[PDB]
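Below is one structure, written out as structure tokens; comments come after it.
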Amino acid sequence: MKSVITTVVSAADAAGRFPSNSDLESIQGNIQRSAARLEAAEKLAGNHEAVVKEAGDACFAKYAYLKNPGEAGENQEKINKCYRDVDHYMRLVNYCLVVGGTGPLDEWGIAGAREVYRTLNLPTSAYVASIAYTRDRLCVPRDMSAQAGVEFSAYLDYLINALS
Amino acid sequence: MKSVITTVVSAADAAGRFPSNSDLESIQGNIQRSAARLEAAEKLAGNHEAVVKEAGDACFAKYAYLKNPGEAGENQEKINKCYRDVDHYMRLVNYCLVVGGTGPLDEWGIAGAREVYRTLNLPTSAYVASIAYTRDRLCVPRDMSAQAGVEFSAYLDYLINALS
Amino acid sequence: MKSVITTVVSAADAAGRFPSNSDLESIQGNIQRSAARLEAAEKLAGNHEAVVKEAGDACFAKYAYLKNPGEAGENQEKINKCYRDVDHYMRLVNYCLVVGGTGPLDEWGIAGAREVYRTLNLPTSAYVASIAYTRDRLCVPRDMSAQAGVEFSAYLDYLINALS
Amino acid sequence: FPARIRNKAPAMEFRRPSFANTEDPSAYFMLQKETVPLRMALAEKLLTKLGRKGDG
Amino acid sequence: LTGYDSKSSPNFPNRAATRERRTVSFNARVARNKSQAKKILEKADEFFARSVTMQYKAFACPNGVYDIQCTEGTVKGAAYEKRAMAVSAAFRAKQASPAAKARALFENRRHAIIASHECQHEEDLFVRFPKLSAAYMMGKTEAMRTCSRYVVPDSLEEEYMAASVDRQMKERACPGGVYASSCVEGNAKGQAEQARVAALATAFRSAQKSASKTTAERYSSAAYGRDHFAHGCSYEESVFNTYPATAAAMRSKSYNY
Amino acid sequence: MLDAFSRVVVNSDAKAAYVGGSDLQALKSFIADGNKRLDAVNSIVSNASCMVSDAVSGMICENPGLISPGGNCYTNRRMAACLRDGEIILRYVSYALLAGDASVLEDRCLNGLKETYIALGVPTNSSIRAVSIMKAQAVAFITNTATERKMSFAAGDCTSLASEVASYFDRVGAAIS
Amino acid sequence: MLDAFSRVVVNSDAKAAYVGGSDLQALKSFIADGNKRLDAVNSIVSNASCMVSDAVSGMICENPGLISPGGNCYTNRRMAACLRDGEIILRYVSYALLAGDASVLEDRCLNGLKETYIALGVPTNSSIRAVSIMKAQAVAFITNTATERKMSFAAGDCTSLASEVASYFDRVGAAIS
Amino acid sequence: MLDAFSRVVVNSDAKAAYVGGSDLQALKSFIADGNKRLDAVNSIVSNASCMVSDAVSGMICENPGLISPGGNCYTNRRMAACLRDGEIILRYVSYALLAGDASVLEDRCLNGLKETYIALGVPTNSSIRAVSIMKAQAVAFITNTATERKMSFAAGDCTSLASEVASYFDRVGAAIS
Ligand SMILES: C=CC1=C(C)[C@@H](Cc2[nH]c(/C=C3N=C(/C=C4\NC(=O)[C@H](C)[C@H]4CC)C(C)=C\3CCC(=O)O)c(CCC(=O)O)c2C)NC1=O
Ligand SMILES: C=CC1=C(C)[C@@H](Cc2[nH]c(/C=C3N=C(/C=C4\NC(=O)[C@H](C)[C@H]4CC)C(C)=C\3CCC(=O)O)c(CCC(=O)O)c2C)NC1=O
Ligand SMILES: C=CC1=C(C)[C@@H](Cc2[nH]c(/C=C3N=C(/C=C4\NC(=O)[C@H](C)[C@H]4CC)C(C)=C\3CCC(=O)O)c(CCC(=O)O)c2C)NC1=O
Ligand SMILES: C=CC1=C(C)[C@@H](Cc2[nH]c(/C=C3N=C(/C=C4\NC(=O)[C@H](C)[C@H]4CC)C(C)=C\3CCC(=O)O)c(CCC(=O)O)c2C)NC1=O
Ligand SMILES: C=CC1=C(C)[C@@H](Cc2[nH]c(/C=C3N=C(/C=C4\NC(=O)[C@H](C)[C@H]4CC)C(C)=C\3CCC(=O)O)c(CCC(=O)O)c2C)NC1=O
Ligand SMILES: C=CC1=C(C)[C@@H](Cc2[nH]c(/C=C3N=C(/C=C4\NC(=O)[C@H](C)[C@H]4CC)C(C)=C\3CCC(=O)O)c(CCC(=O)O)c2C)NC1=O
Ligand SMILES: C=CC1=C(C)[C@@H](Cc2[nH]c(/C=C3N=C(/C=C4\NC(=O)[C@H](C)[C@H]4CC)C(C)=C\3CCC(=O)O)c(CCC(=O)O)c2C)NC1=O
Ligand SMILES: C=CC1=C(C)[C@@H](Cc2[nH]c(/C=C3N=C(/C=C4\NC(=O)[C@H](C)[C@H]4CC)C(C)=C\3CCC(=O)O)c(CCC(=O)O)c2C)NC1=O
Ligand SMILES: C=CC1=C(C)[C@@H](Cc2[nH]c(/C=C3N=C(/C=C4\NC(=O)[C@H](C)[C@H]4CC)C(C)=C\3CCC(=O)O)c(CCC(=O)O)c2C)NC1=O
Ligand SMILES: C=CC1=C(C)[C@@H](Cc2[nH]c(/C=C3N=C(/C=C4\NC(=O)[C@H](C)[C@H]4CC)C(C)=C\3CCC(=O)O)c(CCC(=O)O)c2C)NC1=O
Ligand SMILES: C=CC1=C(C)[C@@H](Cc2[nH]c(/C=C3N=C(/C=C4\NC(=O)[C@H](C)[C@H]4CC)C(C)=C\3CCC(=O)O)c(CCC(=O)O)c2C)NC1=O
Ligand SMILES: C=CC1=C(C)[C@@H](Cc2[nH]c(/C=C3N=C(/C=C4\NC(=O)[C@H](C)[C@H]4CC)C(C)=C\3CCC(=O)O)c(CCC(=O)O)c2C)NC1=O
Ligand SMILES: C=CC1=C(C)[C@@H](Cc2[nH]c(/C=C3N=C(/C=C4\NC(=O)[C@H](C)[C@H]4CC)C(C)=C\3CCC(=O)O)c(CCC(=O)O)c2C)NC1=O
Ligand SMILES: CCC1=C(C)[C@@H](CC2=N/C(=C\c3[nH]c(C[C@@H]4NC(=O)C(C)=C4CC)c(C)c3CCC(=O)O)C(CCC(=O)O)=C2C)NC1=O
């Protein structure tokens, strides 16, 4: 997994030296975002249950032809699966913004993602309409401070630059 | 080029040996198959402009949503590119009939086509719907032999099970 | 052991794929030769106990220095076991006409033959005499057909080019 | 029955030749595969002409 | 036509006499205008030798975290001696015999064409650039863990199936009863045992792979020896298919080992 | 060219093919009594929209409990899905008359219809009762013994094809029996 | 490795005797449908995109707990490596079909999968449910009774071809038991 | 690498054009003589061990200084390395005959071989006579004019490949000297 701690603890062992004083300077930088990033995790964990609907309804407005018969959303039960599908990606941004890195995403979300979408014919450009709608929705005065607006909005832009 | 002549000399080169007569049996299979394979390519060289126009009309009939803005068919200059994108396939299908193997296809058109189609938001679902219309309405006794209608149609679905 | 169609599938997983369209063009060609060659296997089959003793004493008619002691060809049961050593070279040259390729030849007739003929001092020039003694009398319109007559010798001179 | 092959069917058209025992170039015959639609319009006039409301 | 004539340029190579000239003037006139492209295609293949050795370390560092495969140190400063032994021997292998020069070249232009599974663009690069094919092999054969340090035995018999082939593989090292300079421990007063003390660390922790890392390496080594040595030798494939450490310790190059 | 005709249906994406004035003679040389056969299949597809209306309504006329609340001809989208399906057999058994064989009728239409209908709550004994109307409706159109409308044909007999389509509707009936 | 041409030479190496007109007649009939065997792998390579696709969905729609929390194919690191687990057994079976025997399959890949699968924790119980989804669609494309894709072949009998592909997949369950 | 069928489309790829009946007839005559082409490479592989052992003493019979002390061909190893050098540049021209194109020897054997012979001191005035000796033996086999070997071939002319085999030999010495 990727974080501030586990990345810099690797090069201590993989070069065969002690814990330095430069890696001790690195966890100090994790303290400056510990009370600055974790407010967004408790934000969305009590907020997904209404935004799984409005961001799940966001892509079908862009792509009404998924509900057409024949393609990957030609079943009221496929769309029951489709809402569960998008509740795994930002289920991991609650796991990513609690750790400090993209660890729960680069090993559980993108690894093998383009290969299960070509074979099972899921259009990757609808996930770009699914959770980037929340990027165009986010209000820094009302919802949460501009520290989540620079960090929760950053981790989403990691994903659109991965599913494309 | 992955032709049958190359596959039996590359294993001959790797073993440090001469041309043994076991490979000469496979060359005898060419001149039996070459007459029932070249006239699939000779009829394709005299029919390519009429078949590539008739192919793309079912691309936009099965998926008529591409004329929307933000899709890959909103203006005339890239609908012109769509016919050029699909003419380049049905030229490499002509090129691989003359060679006899799948050599020009999996090297020129195919290798590297996955990571540019999802890059530029092109679905392959409309790419395979273009040639499957071409591969279907072609009566095996009406246009060419009962052997070329098998061998050439075995090259068109090679694209579909490599793209999906 | 390398034959016509176990080779082209040994290279078909060497890239990690399926059979191609030219992979089947190779298997048509031994079918073009699975009649002209199986007659040549039958000619050796119902004549092998006539040719073991025919070409057997042929080499003994060459080398008079084996007939005096100081060799492994002093007594009778060596010459009886010499006629056994003839029978192995006709057992596997009959096999290659069944499968098409040089499969059974390279394993137990070609590879490893250097040690147990040179440290054992049984000269390879004495073997190639009786090998060519079968090769210098192919009665082409009498014993087989015209195409079996040219490829039966093409397997006969394989031990010529290898062992001597 | 999958999602793609559901209510799909052939459809065929017939134009016979005009006169008997003469060759006609106008005679032509479709065999186009076409998905049969839901047809809600005559569903209303058949349920209302037979039974009752149908509004469950 | 361009002018009144079209003479050849004086910048074209092989334009002067070179018949009865001095040695200084002979060599100046045969290498007239050829010096540029010799140095263009000398930094070309050295960049190719620098580029594929980067593209296989991306598997060694998946998603920005280092695995147990890197591990260049175990004790305090345990990479400084590994720094010297890797770069001093790289000069030792550049003063080799003139028979092993093209033996390295033509065999690197043998195995890479096999491993590049039928991609015509890739075999065209491997013929012009000998440094690229020397880097294509040792990068991929260390990316997929196949050479010596990671294919550990699991039975009790396989430690002698390893030991049978390798001391018979070192027929390539000793030409006769003399040794060679290609197989040298080191050249400092501790560097002999300083090569040993890392040699047991790199074998031990590499036996601590995951269940996926051993079960995916035990089939990649099998098909590796199945298209580098036993092209048709089905007896050698009868041990290469079920016993993969046999199919891995045997090295495809004439490494002089 | 029946195998090329069969690939328009079986290939799992919709294509189109049509027959001009030259290759209509190719069909008459191929199929025996094709001028009796193409007259027969034209006399089913031209009046199929009336044929589906009397087939579902006679099921109501001898069993009016389908249009009851809780019934399977209640809630008119469910009643429309009968009227979708009622021609799907007649689209496919017309195609069984055209190919001369009911192999393409079996795997594409009849295969799995027995387990689908008990999964959805379809009464199967009314479903044989619907298709038996359409078995009686087609043989009144092939023999032109229909009471209301009649069609124009060249004179002769077509009772072999009337028995040939009667061997196709009981394949629909015994699949859902 | 060794073919059906060599399968009587498997026996002939241990005969102290030859193969002549005693056993060529078992190999002579292999040539008489040698066009047929090359015609019956052209269906298998014609639908490579779907055969590993609907197989792994065939167990999801029956046993859906494998993608639950506590699953073996939970994330995309696992199930994208499950479609590579299920495709290369479609690869070494098509090499065995052109050889007439499992000599390619039973030694290159399946030589002891119960030290790479029980060493991982792979569910063997629904692996064989993931086998007969492909076997039932292998015999369904040998015959031209696939309800979606029809294929244009020369007519004839292929029950010896359809029974052979079921007798390749049977020892896969034996290699994991 | 690049055989004859690949060659005719790689110079037509820069055309951005199809390959119709203008140059396919030149390729249709290439597959006409393909039965004679397999009746040409059979005459080279069948007599390999003679003709490689031939010129290694036929070179020194003209130049006896190569066996002298201080010779390139002086010891047992430098001859044992010479004979295994000897059939490599003839197994590759057999590849070019069987594949119809010279694009397998000039990238894997003539790929800087004048580079390596200067690094060892291998003479080149001998290395081109040692392949011209092994050249006339290759036109005296595809045309049955050998004085101690006769291959039974049908009636026909073999000047089609007599200059073409030697065309795969004069390019050898030109790009190694
Ligand atoms: C070299 C590759 C190659 C092919 C695969 C075919 C494909 C093909 N078919 C048609 C043309 C056609 N294709 C059909 C379809 C069919 N025809 C029949 O007799 C059956 C009913 C059905 C096949 C079972 C029809 C009916 C036409 C003529 C257009 C029409 O009348 O509708 C055309 C346009 C040519 C024209 O103008 O007519 C092409 C390119 N032709 C080719 O040149
Ligand atoms: C050598 C072989 C060869 C190919 C296979 C294609 C592949 C290819 N296609 C496009 C580019 C494209 N290809 C298409 C084609 C399509 N989009 C659709 O709506 C349909 C699915 C489909 C037509 C049926 C379109 C619309 C573009 C333009 C996209 C863009 O440039 O942003 C590009 C980018 C460069 C360019 O635009 O020219 C490339 C390399 N080109 C080649 O040179
Ligand atoms: C334990 C695993 C094992 C291998 C992978 C090979 C690898 C190998 N091959 C050879 C040596 C050889 N290897 C072969 C190959 C073969 N000979 C045949 O008769 C077969 C057709 C084919 C596969 C067996 C040949 C022909 C030689 C002699 C040529 C040479 O020395 O290079 C040698 C050196 C000589 C020696 O064996 O002492 C080695 C180590 N040998 C092995 O012992
Ligand atoms: C399966 C391989 C196989 C063969 C190739 C032959 C080879 C062969 N031929 C002969 C036997 C013979 N061989 C010849 C030779 C010839 N006859 C002609 O018509 C030509 C002129 C010339 C062939 C080039 C003659 C004339 C005899 C019989 C009389 C004799 O010479 O003893 C014999 C001795 C046994 C006998 O009497 O037949 C053998 C082993 N037999 C075999 O079983
Ligand atoms: C491609 C081939 C194809 C067919 C063979 C038919 C078969 C068919 N019918 C229905 C589906 C249906 N069929 C009926 C029909 C009836 N129920 C009754 O009680 C009456 C007896 C009868 C009307 C006369 C109804 C009511 C439904 C809908 C079920 C529901 O909505 O609950 C479905 C729905 C499931 C799905 O979409 O996959 C299918 C495939 N349609 C096709 O597309
Ligand atoms: C492509 C469109 C197409 C058609 C629809 C048919 C239409 C058709 N049928 C017949 C000709 C005929 N059609 C029938 C059929 C029938 N007569 C009966 O009494 C039965 C009620 C009915 C069968 C259901 C018979 C019996 C003949 C005469 C024998 C024959 O020619 O087959 C003729 C020839 C008429 C003439 O001689 O001028 C034509 C054009 N043929 C076509 O080419
Ligand atoms: C004896 C033989 C002989 C030759 C073949 C030429 C070769 C040659 N060409 C150029 C030089 C050149 N040659 C070309 C030609 C081309 N570039 C292209 O884009 C096209 C592919 C192609 C012609 C259609 C160009 C564009 C220059 C560049 C001149 C400059 O750099 O200003 C130069 C360097 C300039 C000079 O020395 O004058 C030389 C030596 N000269 C010779 O003496
Ligand atoms: C310096 C020169 C240079 C090269 C020659 C290539 C050679 C090369 N290609 C790939 C990697 C690849 N190479 C190809 C290309 C091909 N595979 C096919 O199926 C086609 C037949 C063929 C193109 C014609 C593909 C598709 C991959 C990705 C799949 C893989 O990793 O094997 C890799 C590994 C990439 C990695 O480690 O991440 C390397 C070193 N790369 C280079 O840097
Ligand atoms: C309320 C109760 C009620 C019914 C019992 C049915 C009445 C009914 N009519 C037909 C029978 C039929 N139905 C038709 C169909 C048609 N005739 C045409 O000319 C039109 C083109 C087309 C739609 C009207 C035909 C051709 C027959 C057979 C001949 C006939 O009886 O008219 C049958 C099948 C034969 C049988 O009785 O077994 C039934 C059950 N409809 C009802 O509404
Ligand atoms: C050369 C022979 C050879 C094989 C026979 C297969 C067998 C195989 N499968 C897996 C490994 C696996 N195989 C599966 C597949 C499945 N698990 C399930 O729960 C389902 C029953 C099934 C999919 C339908 C999964 C989920 C993994 C683990 C992926 C991972 O390690 O993350 C591994 C370890 C890693 C790997 O190589 O993929 C191996 C060797 N692969 C091979 O290389
Ligand atoms: C190089 C590529 C290549 C191929 C793609 C195949 C293509 C192929 N298939 C058949 C030919 C055939 N294929 C079949 C098989 C079948 N028919 C059916 O109706 C069943 C559905 C199916 C059985 C599974 C039959 C029955 C024949 C006729 C030959 C025979 O009956 O033995 C023939 C012989 C026809 C002829 O030679 O004229 C050929 C060449 N062979 C090749 O060499
Ligand atoms: C003084 C030293 C000296 C020699 C050692 C011999 C060796 C020798 N033989 C040939 C020439 C040849 N060598 C062969 C080879 C063979 N012939 C056969 O019948 C066998 C099948 C095969 C040996 C196994 C052939 C076929 C020719 C051409 C015909 C001929 O001239 O003999 C040539 C080529 C002549 C030239 O340069 O044009 C030489 C040098 N001749 C010499 O002058
Ligand atoms: C698998 C291995 C394999 C082979 C070795 C060849 C064997 C072979 N060669 C020819 C047939 C032939 N071979 C030659 C060749 C020659 N005639 C001469 O006078 C010259 C000396 C020599 C020129 C190189 C000629 C001229 C024919 C007649 C066919 C033709 O002229 O095209 C034929 C056709 C005759 C027949 O069918 O019986 C066959 C099968 N084919 C194979 O499939
Ligand atoms: C050519 C003879 C030679 C070498 C080999 C290296 C060996 C080496 N690696 C080091 C140190 C080192 N090594 C690695 C990992 C390793 N490095 C990588 O570039 C990749 C892809 C790796 C995993 C496979 C890391 C991550 C470091 C820490 C330095 C850094 O990258 O920041 C250090 C410094 C140790 C220290 O700080 O005391 C040395 C000497 N040096 C040499 O002179």
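How things are named: the first chain in the structure tokens is A, the next is B, and so on; residues count from 1 in each chain; ligands count from 1 in the order shown.
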Test item: residues no farther than 6 Å from ligand 4, counting only C-alpha atoms and all ligand atoms, as an mmCIF file with N, CA, C and O atoms, in the first residue's frame:
data_model
loop_
_atom_site.group_PDB
_atom_site.id
_atom_site.type_symbol
_atom_site.label_atom_id
_atom_site.label_comp_id
_atom_site.auth_asym_id
_atom_site.auth_seq_id
_atom_site.Cartn_x
_atom_site.Cartn_y
_atom_site.Cartn_z
ATOM 1 N N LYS C 43 5.843 -50.261 -47.281
ATOM 2 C CA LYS C 43 6.877 -50.983 -48.016
ATOM 3 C C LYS C 43 8.011 -51.413 -47.090
ATOM 4 O O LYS C 43 8.576 -52.502 -47.260
ATOM 5 N N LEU C 44 8.342 -50.593 -46.093
ATOM 6 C CA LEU C 44 9.330 -51.019 -45.109
ATOM 7 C C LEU C 44 8.740 -52.036 -44.139
ATOM 8 O O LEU C 44 9.473 -52.871 -43.599
ATOM 9 N N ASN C 47 8.665 -55.749 -45.413
ATOM 10 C CA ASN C 47 9.934 -56.164 -45.990
ATOM 11 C C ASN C 47 11.109 -56.023 -45.037
ATOM 12 O O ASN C 47 12.248 -56.226 -45.465
ATOM 13 N N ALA C 50 13.509 -58.885 -44.468
ATOM 14 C CA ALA C 50 14.331 -59.194 -45.627
ATOM 15 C C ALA C 50 15.510 -58.247 -45.767
ATOM 16 O O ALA C 50 16.534 -58.631 -46.336
ATOM 17 N N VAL C 51 15.390 -57.021 -45.252
ATOM 18 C CA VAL C 51 16.425 -56.005 -45.437
ATOM 19 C C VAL C 51 17.379 -55.894 -44.252
ATOM 20 O O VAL C 51 18.425 -55.237 -44.375
ATOM 21 N N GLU C 54 19.910 -58.330 -45.420
ATOM 22 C CA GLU C 54 20.443 -57.968 -46.728
ATOM 23 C C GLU C 54 21.520 -56.901 -46.607
ATOM 24 O O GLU C 54 22.643 -57.080 -47.092
ATOM 25 N N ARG C 137 19.833 -48.348 -53.683
ATOM 26 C CA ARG C 137 18.968 -49.210 -54.485
ATOM 27 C C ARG C 137 17.484 -48.927 -54.269
ATOM 28 O O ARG C 137 16.741 -49.831 -53.874
ATOM 29 N N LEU C 138 17.030 -47.695 -54.464
ATOM 30 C CA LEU C 138 15.595 -47.453 -54.503
ATOM 31 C C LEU C 138 15.066 -47.630 -55.920
ATOM 32 O O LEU C 138 15.336 -46.807 -56.801
ATOM 33 N N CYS C 139 14.302 -48.696 -56.140
ATOM 34 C CA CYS C 139 13.690 -48.973 -57.437
ATOM 35 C C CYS C 139 12.341 -48.260 -57.441
ATOM 36 O O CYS C 139 11.328 -48.817 -57.007
#
Selection within 10 Å of ligand 9 by only C-alpha atoms and all ligand atoms, output as a ChimeraX atom specification: /D:46,49-50 /F:43-44,46-64,129-142,144-151
Residues just named, written with N, CA and C atoms as a short mmCIF file (atom, residue, chain, number, x, y, z; two decimals), in the first residue's frame:
data_model
loop_
_atom_site.label_atom_id
_atom_site.label_comp_id
_atom_site.auth_asym_id
_atom_site.auth_seq_id
_atom_site.Cartn_x
_atom_site.Cartn_y
_atom_site.Cartn_z
N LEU D 46 -57.56 -3.25 -26.82
CA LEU D 46 -57.94 -4.64 -26.66
C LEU D 46 -58.32 -5.00 -25.24
N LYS D 49 -61.82 -3.23 -24.57
CA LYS D 49 -62.95 -3.79 -25.28
C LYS D 49 -63.39 -5.14 -24.73
N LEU D 50 -62.62 -5.74 -23.83
CA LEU D 50 -62.90 -7.09 -23.38
C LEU D 50 -63.31 -7.17 -21.92
N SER F 43 -49.20 -15.27 -47.10
CA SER F 43 -50.56 -15.26 -46.57
C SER F 43 -50.62 -15.46 -45.06
N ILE F 44 -49.48 -15.52 -44.38
CA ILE F 44 -49.45 -15.46 -42.93
C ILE F 44 -48.95 -14.11 -42.44
N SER F 46 -49.04 -11.20 -43.96
CA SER F 46 -49.82 -10.05 -44.38
C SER F 46 -50.99 -9.79 -43.45
N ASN F 47 -51.40 -10.79 -42.70
CA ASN F 47 -52.56 -10.71 -41.83
C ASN F 47 -52.22 -11.17 -40.42
N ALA F 48 -50.97 -10.95 -40.01
CA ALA F 48 -50.51 -11.42 -38.71
C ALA F 48 -50.98 -10.51 -37.58
N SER F 49 -51.17 -9.22 -37.88
CA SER F 49 -51.61 -8.27 -36.87
C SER F 49 -53.07 -8.47 -36.50
N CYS F 50 -53.89 -8.96 -37.43
CA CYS F 50 -55.21 -9.43 -37.04
C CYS F 50 -55.13 -10.78 -36.36
N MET F 51 -54.11 -11.58 -36.71
CA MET F 51 -54.02 -12.95 -36.21
C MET F 51 -53.62 -12.97 -34.74
N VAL F 52 -52.82 -12.00 -34.30
CA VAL F 52 -52.49 -11.93 -32.88
C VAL F 52 -53.62 -11.36 -32.05
N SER F 53 -54.55 -10.64 -32.66
CA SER F 53 -55.60 -10.01 -31.88
C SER F 53 -56.70 -11.00 -31.55
N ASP F 54 -57.03 -11.88 -32.50
CA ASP F 54 -58.04 -12.90 -32.24
C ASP F 54 -57.47 -14.03 -31.39
N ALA F 55 -56.14 -14.20 -31.39
CA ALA F 55 -55.54 -15.28 -30.62
C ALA F 55 -55.53 -14.99 -29.13
N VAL F 56 -55.26 -13.74 -28.75
CA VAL F 56 -55.28 -13.44 -27.33
C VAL F 56 -56.71 -13.23 -26.85
N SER F 57 -57.62 -12.81 -27.73
CA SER F 57 -58.97 -12.50 -27.28
C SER F 57 -59.82 -13.73 -27.14
N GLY F 58 -59.56 -14.76 -27.95
CA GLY F 58 -60.22 -16.04 -27.74
C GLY F 58 -59.75 -16.75 -26.50
N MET F 59 -58.51 -16.48 -26.07
CA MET F 59 -58.04 -16.89 -24.76
C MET F 59 -58.80 -16.18 -23.65
N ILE F 60 -59.19 -14.92 -23.87
CA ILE F 60 -60.07 -14.24 -22.92
C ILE F 60 -61.50 -14.76 -23.08
N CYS F 61 -61.90 -15.12 -24.30
CA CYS F 61 -63.30 -15.46 -24.56
C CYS F 61 -63.66 -16.85 -24.04
N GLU F 62 -62.67 -17.72 -23.84
CA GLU F 62 -62.91 -18.99 -23.18
C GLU F 62 -62.27 -19.08 -21.80
N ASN F 63 -61.51 -18.07 -21.39
CA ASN F 63 -60.99 -17.97 -20.03
C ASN F 63 -60.90 -16.49 -19.67
N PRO F 64 -61.96 -15.93 -19.08
CA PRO F 64 -61.96 -14.50 -18.76
C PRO F 64 -61.27 -14.15 -17.46
N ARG F 129 -53.34 -22.88 -25.38
CA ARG F 129 -54.64 -22.49 -25.91
C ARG F 129 -54.54 -21.26 -26.81
N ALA F 130 -53.52 -20.43 -26.61
CA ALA F 130 -53.31 -19.30 -27.50
C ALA F 130 -52.73 -19.74 -28.83
N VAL F 131 -51.71 -20.61 -28.80
CA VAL F 131 -51.03 -21.08 -30.01
C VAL F 131 -51.89 -22.03 -30.83
N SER F 132 -52.82 -22.76 -30.20
CA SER F 132 -53.74 -23.62 -30.94
C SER F 132 -54.77 -22.84 -31.74
N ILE F 133 -55.05 -21.59 -31.35
CA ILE F 133 -55.82 -20.69 -32.19
C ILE F 133 -55.01 -20.32 -33.43
N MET F 134 -53.73 -20.00 -33.24
CA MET F 134 -52.85 -19.64 -34.34
C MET F 134 -52.48 -20.83 -35.21
N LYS F 135 -52.58 -22.06 -34.68
CA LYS F 135 -52.47 -23.23 -35.53
C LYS F 135 -53.69 -23.37 -36.43
N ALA F 136 -54.87 -23.08 -35.90
CA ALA F 136 -56.08 -23.13 -36.70
C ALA F 136 -56.22 -21.92 -37.61
N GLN F 137 -55.53 -20.82 -37.31
CA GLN F 137 -55.66 -19.62 -38.11
C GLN F 137 -54.80 -19.66 -39.36
N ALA F 138 -53.64 -20.32 -39.28
CA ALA F 138 -52.73 -20.36 -40.42
C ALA F 138 -53.21 -21.31 -41.50
N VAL F 139 -53.83 -22.42 -41.11
CA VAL F 139 -54.31 -23.39 -42.09
C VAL F 139 -55.60 -22.94 -42.76
N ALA F 140 -56.29 -21.95 -42.21
CA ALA F 140 -57.38 -21.31 -42.92
C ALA F 140 -56.90 -20.23 -43.87
N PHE F 141 -55.64 -19.81 -43.74
CA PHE F 141 -55.04 -18.86 -44.66
C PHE F 141 -54.22 -19.53 -45.74
N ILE F 142 -53.63 -20.68 -45.44
CA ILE F 142 -52.87 -21.41 -46.45
C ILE F 142 -53.81 -22.10 -47.41
N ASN F 144 -56.82 -21.06 -47.80
CA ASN F 144 -57.70 -19.94 -48.13
C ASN F 144 -59.16 -20.25 -47.81
N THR F 145 -59.38 -20.97 -46.72
CA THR F 145 -60.71 -21.28 -46.22
C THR F 145 -61.06 -20.38 -45.04
N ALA F 146 -60.48 -19.20 -45.01
CA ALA F 146 -60.82 -18.21 -44.00
C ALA F 146 -62.19 -17.63 -44.31
N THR F 147 -62.94 -17.32 -43.25
CA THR F 147 -64.32 -16.89 -43.44
C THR F 147 -64.39 -15.43 -43.83
N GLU F 148 -63.63 -14.58 -43.15
CA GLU F 148 -63.76 -13.14 -43.34
C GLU F 148 -63.04 -12.65 -44.59
N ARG F 149 -61.72 -12.77 -44.64
CA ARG F 149 -60.98 -12.33 -45.81
C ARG F 149 -60.57 -13.55 -46.62
N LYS F 150 -60.26 -13.31 -47.89
CA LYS F 150 -59.70 -14.34 -48.75
C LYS F 150 -58.60 -13.68 -49.58
N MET F 151 -57.66 -14.49 -50.04
CA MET F 151 -56.55 -13.98 -50.82
C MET F 151 -56.60 -14.52 -52.24
#
